[PDB]
Amino acid sequence: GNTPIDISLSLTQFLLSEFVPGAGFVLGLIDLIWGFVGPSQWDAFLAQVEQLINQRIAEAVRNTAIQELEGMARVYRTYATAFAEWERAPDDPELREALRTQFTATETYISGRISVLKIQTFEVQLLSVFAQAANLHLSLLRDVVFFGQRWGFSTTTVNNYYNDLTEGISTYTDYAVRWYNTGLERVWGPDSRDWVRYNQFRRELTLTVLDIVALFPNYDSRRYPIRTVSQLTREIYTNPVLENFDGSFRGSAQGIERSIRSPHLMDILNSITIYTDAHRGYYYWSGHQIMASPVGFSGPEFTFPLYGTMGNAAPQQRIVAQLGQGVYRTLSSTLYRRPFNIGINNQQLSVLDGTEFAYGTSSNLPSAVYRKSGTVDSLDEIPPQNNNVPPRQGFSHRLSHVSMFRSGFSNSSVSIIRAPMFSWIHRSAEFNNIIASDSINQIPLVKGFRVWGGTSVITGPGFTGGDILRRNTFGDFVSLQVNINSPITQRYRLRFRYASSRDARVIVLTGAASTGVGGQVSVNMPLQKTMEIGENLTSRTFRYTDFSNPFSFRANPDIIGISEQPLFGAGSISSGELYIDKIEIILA
């Protein structure tokens, strides 16, 4: 089993860590995807979303798509070797000229024939190979913008390729998120079964499409002259009780989706205290409590409201999640009791009767076990990024929350449903905000610890790899905690990635005060209007500041605050919205 979900996760790992242009990058794209000779690989890629919504692609359209993929891999392969021979004698004017034509030949082939992956009425099924190919096209355009003057191309030829890269990022992004959403809505229905297949689409295409799409902007090598590491803070969802049910509870799907928490700052799951109930010698997970900390463990634990019902047929069991790299895997045992319809006191049960919590770790640390283990295995839906090493080392996601979809009390109620919902954040969403020397640091604003009043966390547009922050008025956004590995004397610069339907002014303060409240203004920067009032959030509505003017922190676990300030003379009324996604920090 080498699923497309497997391949795509290892590719997410590659792009996230070793994003820097050179032979290592080309050799890497060959090894993970484009080295494959023949059709079967692309056949599997299409099959996954095809059987997901149970519509196969028309065969003429399907085979042309597969054969153009083959040709794309095939022209890239010859570019890649021509690239390597050049990097072995980089000044030779003949190797240069040989790479220059083999580049323009391969770019024209890929550029021109992506079309066959955007075919009308088959947009969703073709989405995952389109994401692969758009990502391949962008690798090439980054290459010329970065190596143009070494290769021998004119500065005018390169500036045109650069505009292609710009537009490519914006066009490809917008197509993918558009067909992601319309494919999602088409799967939605009102039943337990309809929600399962809805969520299956969301999860698989978040892994196979959106995560590669979130990294496209890093292909802009004029905007990112050096290394940069993005962070995927979005959470994908599993539910063993519902995903393993053979029937379907009717009209539930709207109730299930609401039981997921609303957009929120990123937290670190600390512990889960499970409560047990019983009925007729059948013991089950009836409710639980969740405790979390902010990013950086920057202060006091938050305890979530009770999930489910606080049973006592056994004593509570407190499972600590946050050991090593967190819980990477759950193996649950489901229990569906179907009696000969007695009722109320001979109940119908749709619940969990055990779960094993497996730790992500380079160690022998044993799993946590509630009652007993099971065979409903989350690793089957959230696979490893590296199958060459044991799962506890090559895992892709860490457990981030546990909610519950509840129905009935044990009371009356002929029927009881306790369906715990497991949230998975991608591994790249680090526990701390660490400012690296030597790279371009991305800190999504969802990594702060406090949202100030009148800033909302809004579900992200689809290409930021997480949620974002909105203000309707001017005011304070977040406070977040930063760690430097430099003397406090070291100087830094800062830029924003924002969306705004108005002009505004943005400031970053750096006097600490845990809780946030303090601060001294260190950075003052303008935000030009990026969209019209009431427009939708597409990639063209997002903009980068310049870098900021050197500043320094004033503590080494520092507490910085972001606020948006009224422009002088504007009269203190603000109309439109302000969106901030990311701040990025560099050195010197």
# chains A, B, ... in the order shown; residues from 1 in each chain; ligands from 1
>>> residues_around(residues="residue 173 of chain A", least_positions_apart="3", cutoff="12 Å", atoms="only C-alpha atoms", output="short mmCIF file (atom, residue, chain, number, x, y, z; two decimals) with C-alpha atoms, in the first residue's frame")
data_model
loop_
_atom_site.label_atom_id
_atom_site.label_comp_id
_atom_site.auth_asym_id
_atom_site.auth_seq_id
_atom_site.Cartn_x
_atom_site.Cartn_y
_atom_site.Cartn_z
CA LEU A 127 -8.11 18.35 -8.90
CA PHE A 130 -3.80 19.49 -11.24
CA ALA A 131 -2.32 20.43 -7.87
CA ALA A 134 0.62 23.35 -10.98
CA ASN A 135 3.21 22.71 -8.27
CA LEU A 138 5.82 26.68 -10.32
CA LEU A 165 5.29 32.95 -11.70
CA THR A 166 3.31 35.74 -10.00
CA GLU A 167 0.19 35.07 -12.06
CA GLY A 168 0.69 31.32 -11.92
CA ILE A 169 0.61 31.39 -8.14
CA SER A 170 -2.54 33.49 -8.10
CA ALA A 176 -7.92 24.86 -6.62
CA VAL A 177 -9.76 26.46 -3.71
CA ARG A 178 -12.75 27.18 -5.96
CA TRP A 179 -13.15 23.59 -7.10
CA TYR A 180 -12.38 22.34 -3.58
CA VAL A 209 -4.59 19.62 -2.59
CA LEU A 210 -4.75 22.47 -0.04
CA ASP A 211 -1.46 21.67 1.69
CA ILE A 212 0.47 21.81 -1.58
CA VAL A 213 -1.53 24.93 -2.52
CA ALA A 214 -0.63 26.69 0.75
CA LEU A 215 3.04 26.49 -0.24
CA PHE A 216 2.75 28.01 -3.73
CA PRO A 217 3.60 31.58 -2.56
CA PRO A 461 -10.03 31.13 2.92
CA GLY A 462 -8.39 27.88 1.84
CA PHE A 463 -4.82 28.74 0.86
CA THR A 464 -3.26 29.99 4.11
CA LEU A 537 -11.06 36.53 -0.17
CA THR A 538 -9.09 35.28 -3.18
CA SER A 539 -5.31 35.15 -3.42
CA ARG A 540 -5.22 38.44 -5.34
CA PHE A 542 -3.60 39.23 -0.21
#
>>> select_by_dssp(residues="segment 286-317 of chain A", states="strand (DSSP E)", output="list in words")
residues 286, 287, 288, 289, 290, 291, 292, 293, 294, 302, 303, 307, 308, 314, 315, 316 and 317 of chain A
>>> write_last_selection(atoms="N, CA, C and O atoms", output="compact mmCIF listing (two decimals), in the first residue's frame")
# COMPACT_ATOMS: atom_id res chain seq x y z
N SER A 286 -18.49 8.02 28.04
CA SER A 286 -19.71 8.82 28.14
C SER A 286 -19.49 10.34 28.08
O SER A 286 -20.44 11.08 27.81
N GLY A 287 -18.30 10.81 28.43
CA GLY A 287 -17.97 12.22 28.44
C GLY A 287 -16.50 12.35 28.74
O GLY A 287 -15.83 11.37 29.10
N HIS A 288 -15.99 13.57 28.62
CA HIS A 288 -14.58 13.79 28.92
C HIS A 288 -14.32 15.28 29.06
O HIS A 288 -15.09 16.12 28.57
N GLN A 289 -13.18 15.59 29.66
CA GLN A 289 -12.71 16.96 29.86
C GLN A 289 -11.38 17.14 29.13
O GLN A 289 -10.60 16.19 28.99
N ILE A 290 -11.16 18.36 28.63
CA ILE A 290 -9.97 18.71 27.86
C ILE A 290 -9.29 19.90 28.51
O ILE A 290 -9.94 20.90 28.82
N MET A 291 -7.98 19.79 28.75
CA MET A 291 -7.18 20.92 29.20
C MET A 291 -6.13 21.25 28.15
O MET A 291 -5.50 20.34 27.60
N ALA A 292 -5.90 22.54 27.90
CA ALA A 292 -4.93 22.94 26.89
C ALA A 292 -4.11 24.12 27.40
O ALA A 292 -4.45 24.76 28.40
N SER A 293 -3.01 24.38 26.71
CA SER A 293 -2.13 25.52 26.93
C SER A 293 -2.00 26.29 25.63
O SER A 293 -2.22 25.74 24.54
N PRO A 294 -1.61 27.56 25.70
CA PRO A 294 -1.35 28.31 24.46
C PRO A 294 -0.04 27.88 23.81
O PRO A 294 0.73 27.07 24.33
N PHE A 302 -6.22 26.32 29.94
CA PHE A 302 -7.65 26.53 29.72
C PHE A 302 -8.36 25.18 29.81
O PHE A 302 -7.90 24.17 29.26
N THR A 303 -9.46 25.14 30.56
CA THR A 303 -10.27 23.93 30.67
C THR A 303 -11.57 24.12 29.89
O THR A 303 -12.33 25.05 30.16
N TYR A 307 -17.62 17.96 27.90
CA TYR A 307 -18.09 17.28 26.70
C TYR A 307 -18.83 16.03 27.15
O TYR A 307 -18.34 15.28 28.00
N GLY A 308 -20.04 15.82 26.60
CA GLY A 308 -20.78 14.62 26.99
C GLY A 308 -21.35 14.67 28.40
O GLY A 308 -21.71 15.74 28.93
N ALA A 314 -17.25 3.79 36.39
CA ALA A 314 -15.85 3.57 36.73
C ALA A 314 -15.29 4.92 37.12
O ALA A 314 -15.85 5.96 36.75
N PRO A 315 -14.17 4.96 37.86
CA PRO A 315 -13.58 6.26 38.19
C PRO A 315 -13.04 6.94 36.94
O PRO A 315 -12.72 6.30 35.94
N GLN A 316 -12.97 8.27 37.00
CA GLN A 316 -12.41 9.00 35.87
C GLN A 316 -10.98 8.54 35.63
O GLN A 316 -10.30 8.08 36.55
N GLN A 317 -10.55 8.59 34.37
CA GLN A 317 -9.17 8.24 33.98
C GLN A 317 -8.53 9.44 33.28
O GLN A 317 -9.05 9.92 32.26
>>> atom_distance(atom1="atom CA of residue 331 of chain A", atom2="atom CA of residue 13 of chain A")
24.2 Å
>>> atom_distance(atom1="atom CA of residue 583 of chain A", atom2="atom CA of residue 444 of chain A")
6.4 Å
>>> residues_around(residues="residue 18 of chain A", least_positions_apart="6", cutoff="12 Å", atoms="only C-alpha atoms", output="MDAnalysis selection string")
chainID A and resid 10:12 24:29 218 226:230 439
>>> residues_around(residues="segment 475-491 of chain A", least_positions_apart="5", cutoff="7 Å", atoms="only C-alpha atoms", output="PyMOL selection string")
chain A and resi 296+298+433-435+447-452+455+516+550-565+587-588
>>> write_last_selection(atoms="N, CA and C atoms", output="PDB file, in the first residue's frame")
ATOM      1  N   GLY A 296       3.640  28.030  23.059  1.00  0.00           N
ATOM      2  CA  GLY A 296       4.736  28.416  23.918  1.00  0.00           C
ATOM      3  C   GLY A 296       4.559  28.062  25.376  1.00  0.00           C
ATOM      4  N   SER A 298       2.681  29.690  27.369  1.00  0.00           N
ATOM      5  CA  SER A 298       2.849  31.066  27.807  1.00  0.00           C
ATOM      6  C   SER A 298       1.882  31.390  28.928  1.00  0.00           C
ATOM      7  N   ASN A 433       6.954  29.442  19.010  1.00  0.00           N
ATOM      8  CA  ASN A 433       7.302  30.366  17.941  1.00  0.00           C
ATOM      9  C   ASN A 433       8.781  30.672  18.114  1.00  0.00           C
ATOM     10  N   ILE A 434       9.630  30.029  17.312  1.00  0.00           N
ATOM     11  CA  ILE A 434      11.073  30.236  17.383  1.00  0.00           C
ATOM     12  C   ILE A 434      11.511  31.049  16.173  1.00  0.00           C
ATOM     13  N   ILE A 435      12.235  32.128  16.418  1.00  0.00           N
ATOM     14  CA  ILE A 435      12.765  32.936  15.332  1.00  0.00           C
ATOM     15  C   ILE A 435      14.110  32.335  14.965  1.00  0.00           C
ATOM     16  N   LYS A 447      -1.053  31.670  15.937  1.00  0.00           N
ATOM     17  CA  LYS A 447      -0.067  31.179  16.886  1.00  0.00           C
ATOM     18  C   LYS A 447       0.149  32.114  18.061  1.00  0.00           C
ATOM     19  N   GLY A 448      -0.676  33.139  18.216  1.00  0.00           N
ATOM     20  CA  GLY A 448      -0.619  33.970  19.404  1.00  0.00           C
ATOM     21  C   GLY A 448      -1.374  33.365  20.561  1.00  0.00           C
ATOM     22  N   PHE A 449      -1.286  33.999  21.739  1.00  0.00           N
ATOM     23  CA  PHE A 449      -1.986  33.414  22.879  1.00  0.00           C
ATOM     24  C   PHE A 449      -3.250  34.154  23.287  1.00  0.00           C
ATOM     25  N   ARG A 450      -3.401  35.421  22.899  1.00  0.00           N
ATOM     26  CA  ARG A 450      -4.580  36.210  23.244  1.00  0.00           C
ATOM     27  C   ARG A 450      -5.125  36.952  22.018  1.00  0.00           C
ATOM     28  N   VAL A 451      -6.434  36.873  21.810  1.00  0.00           N
ATOM     29  CA  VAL A 451      -7.129  37.708  20.832  1.00  0.00           C
ATOM     30  C   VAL A 451      -7.780  38.834  21.612  1.00  0.00           C
ATOM     31  N   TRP A 452      -7.543  40.073  21.203  1.00  0.00           N
ATOM     32  CA  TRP A 452      -8.165  41.133  21.979  1.00  0.00           C
ATOM     33  C   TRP A 452      -9.566  41.373  21.464  1.00  0.00           C
ATOM     34  N   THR A 455     -11.455  41.516  17.797  1.00  0.00           N
ATOM     35  CA  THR A 455     -10.817  40.691  16.785  1.00  0.00           C
ATOM     36  C   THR A 455     -11.433  39.299  16.828  1.00  0.00           C
ATOM     37  N   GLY A 516      -0.110  40.151  27.851  1.00  0.00           N
ATOM     38  CA  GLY A 516      -0.100  41.069  26.707  1.00  0.00           C
ATOM     39  C   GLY A 516       0.012  42.549  27.014  1.00  0.00           C
ATOM     40  N   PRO A 550      14.952  48.116  10.850  1.00  0.00           N
ATOM     41  CA  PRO A 550      15.497  47.284  11.926  1.00  0.00           C
ATOM     42  C   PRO A 550      14.943  47.660  13.293  1.00  0.00           C
ATOM     43  N   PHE A 551      14.623  46.628  14.073  1.00  0.00           N
ATOM     44  CA  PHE A 551      14.197  46.745  15.460  1.00  0.00           C
ATOM     45  C   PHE A 551      14.769  45.555  16.215  1.00  0.00           C
ATOM     46  N   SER A 552      14.705  45.630  17.546  1.00  0.00           N
ATOM     47  CA  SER A 552      15.123  44.535  18.410  1.00  0.00           C
ATOM     48  C   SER A 552      14.048  44.226  19.441  1.00  0.00           C
ATOM     49  N   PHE A 553      14.115  42.993  19.964  1.00  0.00           N
ATOM     50  CA  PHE A 553      13.222  42.593  21.038  1.00  0.00           C
ATOM     51  C   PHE A 553      13.770  43.139  22.362  1.00  0.00           C
ATOM     52  N   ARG A 554      12.935  43.140  23.404  1.00  0.00           N
ATOM     53  CA  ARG A 554      13.406  43.584  24.714  1.00  0.00           C
ATOM     54  C   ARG A 554      13.256  42.520  25.809  1.00  0.00           C
ATOM     55  N   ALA A 555      13.266  41.236  25.450  1.00  0.00           N
ATOM     56  CA  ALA A 555      13.238  40.117  26.394  1.00  0.00           C
ATOM     57  C   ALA A 555      13.405  38.851  25.577  1.00  0.00           C
ATOM     58  N   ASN A 556      13.916  37.782  26.198  1.00  0.00           N
ATOM     59  CA  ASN A 556      14.225  36.757  25.205  1.00  0.00           C
ATOM     60  C   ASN A 556      13.103  35.757  25.038  1.00  0.00           C
ATOM     61  N   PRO A 557      12.350  35.482  26.039  1.00  0.00           N
ATOM     62  CA  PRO A 557      10.974  35.089  25.753  1.00  0.00           C
ATOM     63  C   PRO A 557      10.167  36.376  25.767  1.00  0.00           C
ATOM     64  N   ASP A 558       9.953  36.932  24.571  1.00  0.00           N
ATOM     65  CA  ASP A 558       9.309  38.224  24.410  1.00  0.00           C
ATOM     66  C   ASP A 558       7.817  38.099  24.131  1.00  0.00           C
ATOM     67  N   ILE A 559       7.084  39.151  24.468  1.00  0.00           N
ATOM     68  CA  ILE A 559       5.647  39.194  24.262  1.00  0.00           C
ATOM     69  C   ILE A 559       5.365  40.389  23.361  1.00  0.00           C
ATOM     70  N   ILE A 560       4.950  40.133  22.110  1.00  0.00           N
ATOM     71  CA  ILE A 560       4.708  41.189  21.126  1.00  0.00           C
ATOM     72  C   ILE A 560       3.217  41.306  20.885  1.00  0.00           C
ATOM     73  N   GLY A 561       2.789  42.505  20.559  1.00  0.00           N
ATOM     74  CA  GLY A 561       1.380  42.771  20.312  1.00  0.00           C
ATOM     75  C   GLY A 561       1.186  43.436  18.966  1.00  0.00           C
ATOM     76  N   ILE A 562       0.087  43.079  18.296  1.00  0.00           N
ATOM     77  CA  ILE A 562      -0.239  43.621  16.977  1.00  0.00           C
ATOM     78  C   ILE A 562      -1.535  44.400  17.064  1.00  0.00           C
ATOM     79  N   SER A 563      -1.492  45.686  16.732  1.00  0.00           N
ATOM     80  CA  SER A 563      -2.735  46.450  16.693  1.00  0.00           C
ATOM     81  C   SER A 563      -2.817  47.261  15.403  1.00  0.00           C
ATOM     82  N   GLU A 564      -4.057  47.622  15.052  1.00  0.00           N
ATOM     83  CA  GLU A 564      -4.327  48.430  13.873  1.00  0.00           C
ATOM     84  C   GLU A 564      -4.909  49.751  14.339  1.00  0.00           C
ATOM     85  N   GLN A 565      -4.276  50.853  13.881  1.00  0.00           N
ATOM     86  CA  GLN A 565      -4.378  52.220  14.327  1.00  0.00           C
ATOM     87  C   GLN A 565      -5.085  53.084  13.293  1.00  0.00           C
ATOM     88  N   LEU A 587      16.604  38.609   9.846  1.00  0.00           N
ATOM     89  CA  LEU A 587      17.724  39.142  10.627  1.00  0.00           C
ATOM     90  C   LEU A 587      18.152  40.558  10.221  1.00  0.00           C
ATOM     91  N   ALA A 588      19.479  40.816  10.209  1.00  0.00           N
ATOM     92  CA  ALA A 588      20.147  42.126   9.932  1.00  0.00           C
ATOM     93  C   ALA A 588      19.179  43.296   9.706  1.00  0.00           C
TER      94      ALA A 588
END
>>> residues_around(residues="residue 144 of chain A", least_positions_apart="3", cutoff="9 Å", atoms="only C-alpha atoms", output="list in words")
residues 103, 140, 141, 147, 148, 149, 151, 153, 158, 161 and 162 of chain A
>>> residues_around(residues="residue 349 of chain A", least_positions_apart="5", cutoff="12 Å", atoms="only C-alpha atoms", output="number ranges by chain")
A: 241, 245, 277-280, 282-286, 334-339, 343-344, 406-410, 413-419
>>> decode(residues="segment 69-107 of chain A", atoms="N, CA and C atoms", output="mmCIF file, in the first residue's frame")
data_model
loop_
_atom_site.group_PDB
_atom_site.id
_atom_site.type_symbol
_atom_site.label_atom_id
_atom_site.label_comp_id
_atom_site.auth_asym_id
_atom_site.auth_seq_id
_atom_site.Cartn_x
_atom_site.Cartn_y
_atom_site.Cartn_z
ATOM 1 N N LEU A 69 0.129 13.836 -18.260
ATOM 2 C CA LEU A 69 0.936 13.726 -17.054
ATOM 3 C C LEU A 69 2.222 12.968 -17.331
ATOM 4 N N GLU A 70 2.102 11.817 -17.982
ATOM 5 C CA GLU A 70 3.274 11.065 -18.384
ATOM 6 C C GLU A 70 4.259 11.934 -19.166
ATOM 7 N N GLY A 71 3.770 12.673 -20.161
ATOM 8 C CA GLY A 71 4.645 13.541 -20.939
ATOM 9 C C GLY A 71 5.285 14.640 -20.110
ATOM 10 N N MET A 72 4.529 15.196 -19.153
ATOM 11 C CA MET A 72 5.074 16.214 -18.248
ATOM 12 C C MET A 72 6.218 15.677 -17.398
ATOM 13 N N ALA A 73 6.020 14.503 -16.786
ATOM 14 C CA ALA A 73 7.078 13.885 -16.019
ATOM 15 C C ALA A 73 8.257 13.652 -16.932
ATOM 16 N N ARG A 74 7.950 13.397 -18.221
ATOM 17 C CA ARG A 74 8.947 12.808 -19.090
ATOM 18 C C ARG A 74 9.818 13.955 -19.565
ATOM 19 N N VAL A 75 9.239 15.123 -19.913
ATOM 20 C CA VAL A 75 10.035 16.316 -20.254
ATOM 21 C C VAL A 75 10.746 16.919 -19.017
ATOM 22 N N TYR A 76 10.175 16.751 -17.816
ATOM 23 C CA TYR A 76 10.878 17.218 -16.617
ATOM 24 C C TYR A 76 12.120 16.388 -16.372
ATOM 25 N N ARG A 77 12.003 15.069 -16.526
ATOM 26 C CA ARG A 77 13.140 14.204 -16.283
ATOM 27 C C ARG A 77 14.337 14.634 -17.114
ATOM 28 N N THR A 78 14.103 14.960 -18.386
ATOM 29 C CA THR A 78 15.233 15.338 -19.223
ATOM 30 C C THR A 78 15.737 16.739 -18.873
ATOM 31 N N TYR A 79 14.847 17.630 -18.429
ATOM 32 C CA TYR A 79 15.312 18.899 -17.886
ATOM 33 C C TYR A 79 16.202 18.688 -16.676
ATOM 34 N N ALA A 80 15.821 17.749 -15.810
ATOM 35 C CA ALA A 80 16.511 17.562 -14.541
ATOM 36 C C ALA A 80 17.950 17.119 -14.752
ATOM 37 N N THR A 81 18.183 16.194 -15.687
ATOM 38 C CA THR A 81 19.554 15.764 -15.934
ATOM 39 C C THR A 81 20.364 16.864 -16.608
ATOM 40 N N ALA A 82 19.776 17.533 -17.596
ATOM 41 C CA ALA A 82 20.415 18.699 -18.189
ATOM 42 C C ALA A 82 20.745 19.773 -17.149
ATOM 43 N N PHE A 83 19.922 19.904 -16.098
ATOM 44 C CA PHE A 83 20.200 20.825 -14.987
ATOM 45 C C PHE A 83 21.413 20.384 -14.172
ATOM 46 N N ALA A 84 21.518 19.079 -13.910
ATOM 47 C CA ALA A 84 22.594 18.554 -13.072
ATOM 48 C C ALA A 84 23.941 18.627 -13.785
ATOM 49 N N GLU A 85 23.954 18.349 -15.085
ATOM 50 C CA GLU A 85 25.209 18.445 -15.798
ATOM 51 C C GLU A 85 25.674 19.890 -15.812
ATOM 52 N N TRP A 86 24.734 20.826 -15.912
ATOM 53 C CA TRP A 86 25.127 22.226 -15.851
ATOM 54 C C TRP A 86 25.709 22.583 -14.492
ATOM 55 N N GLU A 87 25.154 22.040 -13.402
ATOM 56 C CA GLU A 87 25.628 22.466 -12.085
ATOM 57 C C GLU A 87 26.979 21.860 -11.744
ATOM 58 N N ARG A 88 27.388 20.875 -12.533
ATOM 59 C CA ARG A 88 28.714 20.293 -12.429
ATOM 60 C C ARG A 88 29.809 21.129 -13.088
ATOM 61 N N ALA A 89 29.505 21.911 -14.125
ATOM 62 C CA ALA A 89 30.452 22.851 -14.739
ATOM 63 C C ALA A 89 29.742 24.165 -15.051
ATOM 64 N N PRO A 90 29.292 24.897 -14.021
ATOM 65 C CA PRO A 90 28.252 25.938 -14.234
ATOM 66 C C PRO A 90 28.624 27.103 -15.163
ATOM 67 N N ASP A 91 29.907 27.325 -15.456
ATOM 68 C CA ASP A 91 30.287 28.409 -16.358
ATOM 69 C C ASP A 91 30.347 27.999 -17.822
ATOM 70 N N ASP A 92 30.357 26.698 -18.123
ATOM 71 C CA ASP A 92 30.522 26.255 -19.507
ATOM 72 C C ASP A 92 29.399 26.806 -20.375
ATOM 73 N N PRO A 93 29.697 27.625 -21.400
ATOM 74 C CA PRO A 93 28.611 28.211 -22.211
ATOM 75 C C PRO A 93 27.838 27.184 -23.031
ATOM 76 N N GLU A 94 28.347 25.958 -23.189
ATOM 77 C CA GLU A 94 27.571 25.006 -23.962
ATOM 78 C C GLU A 94 26.565 24.303 -23.061
ATOM 79 N N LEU A 95 27.002 23.875 -21.881
ATOM 80 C CA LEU A 95 26.047 23.289 -20.946
ATOM 81 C C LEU A 95 24.947 24.294 -20.602
ATOM 82 N N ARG A 96 25.318 25.574 -20.475
ATOM 83 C CA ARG A 96 24.358 26.653 -20.257
ATOM 84 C C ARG A 96 23.290 26.690 -21.355
ATOM 85 N N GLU A 97 23.631 27.205 -22.543
ATOM 86 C CA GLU A 97 22.829 26.900 -23.737
ATOM 87 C C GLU A 97 22.125 25.546 -23.874
ATOM 88 N N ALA A 98 22.662 24.434 -23.375
ATOM 89 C CA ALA A 98 21.890 23.202 -23.504
ATOM 90 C C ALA A 98 20.753 23.188 -22.510
ATOM 91 N N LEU A 99 21.012 23.666 -21.290
ATOM 92 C CA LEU A 99 19.977 23.741 -20.268
ATOM 93 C C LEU A 99 18.937 24.794 -20.628
ATOM 94 N N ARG A 100 19.366 25.898 -21.242
ATOM 95 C CA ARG A 100 18.433 26.960 -21.612
ATOM 96 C C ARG A 100 17.339 26.484 -22.566
ATOM 97 N N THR A 101 17.698 25.904 -23.710
ATOM 98 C CA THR A 101 16.637 25.248 -24.507
ATOM 99 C C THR A 101 15.910 24.131 -23.767
ATOM 100 N N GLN A 102 16.601 23.203 -23.105
ATOM 101 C CA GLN A 102 15.801 22.143 -22.492
ATOM 102 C C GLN A 102 14.866 22.699 -21.418
ATOM 103 N N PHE A 103 15.218 23.833 -20.787
ATOM 104 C CA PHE A 103 14.250 24.502 -19.911
ATOM 105 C C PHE A 103 13.019 24.973 -20.689
ATOM 106 N N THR A 104 13.233 25.852 -21.688
ATOM 107 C CA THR A 104 12.112 26.485 -22.387
ATOM 108 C C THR A 104 11.243 25.449 -23.084
ATOM 109 N N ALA A 105 11.837 24.334 -23.507
ATOM 110 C CA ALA A 105 11.056 23.241 -24.060
ATOM 111 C C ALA A 105 10.156 22.624 -22.993
ATOM 112 N N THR A 106 10.700 22.403 -21.796
ATOM 113 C CA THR A 106 9.924 21.744 -20.755
ATOM 114 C C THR A 106 8.882 22.669 -20.153
ATOM 115 N N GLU A 107 9.198 23.952 -20.029
ATOM 116 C CA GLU A 107 8.214 24.889 -19.511
ATOM 117 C C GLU A 107 7.051 25.072 -20.484
#
